[PDB]
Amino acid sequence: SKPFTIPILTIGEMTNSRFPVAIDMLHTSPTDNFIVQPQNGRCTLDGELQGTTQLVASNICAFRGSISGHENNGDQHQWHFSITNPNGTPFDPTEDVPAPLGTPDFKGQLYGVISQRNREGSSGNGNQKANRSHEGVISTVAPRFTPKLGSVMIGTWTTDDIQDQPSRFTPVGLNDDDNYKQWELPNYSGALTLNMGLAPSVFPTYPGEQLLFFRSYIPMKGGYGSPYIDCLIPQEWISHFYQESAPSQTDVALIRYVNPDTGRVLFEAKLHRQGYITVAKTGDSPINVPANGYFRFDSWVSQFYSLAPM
């Protein structure tokens, strides 16, 4: 009964839901040879968050917790980062969630800054608390990347100035993109273990359709390349659907990308109730649209509605 709506925000006014950066462009490509199963940026149209998705863009690919020395064999440059929920409470692995909310959902070298503020002991003041921050890398393919079990390993370079203190990791980008695989999930509990509670994979089923992504290019610490990350819907749509909780009348909401000045429709797309978009497009290309453009809801249709080609 409650009407379903889409935010009127332009692309440049919205945030990637898999990495805390503005969206750079719309993009489409064939993906039938990938398993497209991101865990951040997952929300049904009636507002059900899935996977590791939470509501604060600034907590995507962030970690909170504390350092407990080095790992059981690693370098003097590798540290045991015990992690909590983004709110400070212990992470409960018995819930069917893949990992603490916001955990990265790709195989790669997550680069950012670890910051510490001491808890302090025999004296007392929030002033007088010592602080330190350093660059660090969290490898999501490391044997000690076990966020579902409550810890990840963080590497720092020549730096040994890391204490057993409350810590937070602010993501910046990738250390390199040698083996960055955005459609390969990490093993959230380590080698040879089962990921549970995952948001499902998504795929176009209707002939001639591809997924439409919201794409952001992301920084690197070093090396060559222009890595990017594709999310299914923007973070601001997730926050909007979560609050509205409008029921989905069919499996597919027909949406039109419109220039609000002219009323011209640039193209149409299918917004699936699972929280992802398909277009009638073949090939690997950006979607050129005016900066003022946005998606508008038109009607509820079926999975068999045939979109105009774009």
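In this text, residue numbers run from 1 along the sequence as written.
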**Report entry** Mean temperature factor over C-alpha atoms, higher-scoring stretch between 51-59 and 253-261
**Finding:** 253-261
Requested in this report: Using the B-factors recorded in the PDB entry, average over the C-alpha atoms of 214-222 and of 191-199, then report which stretch comes out higher.
Outcome: 191-199
Requested in this report: Tell me, please, which of 182, 76, 131, 151 has the highest C-alpha B factor according to the deposited entry?
Outcome: 76
Report summary line: The largest CA temperature factor among 40, 245, 37, 66 is found at 245
Query raised in the report: By its CA B factor, does residue 85 count among the lowest, middle or highest third of the modelled residues in the chain?
Result: highest
Query raised in the report: When the modelled residues of the chain are sorted by Cα temperature factor, does residue 299 land in the lowest, middle or highest third?
Result: middle
Requested in this report: Could you say whether, by C-alpha temperature factor, residue 20 belongs to the lowest, middle or highest third of its chain?
Outcome: lowest
Requested in this report: Ordered by C-alpha B-factor within the chain, which third holds residue 228? Give me lowest, middle or highest, please.
Outcome: lowest
Report task. Rank-wise, by C-alpha B-factor, drop residue 207 into the lowest, middle or highest third of its chain. Result -> highest
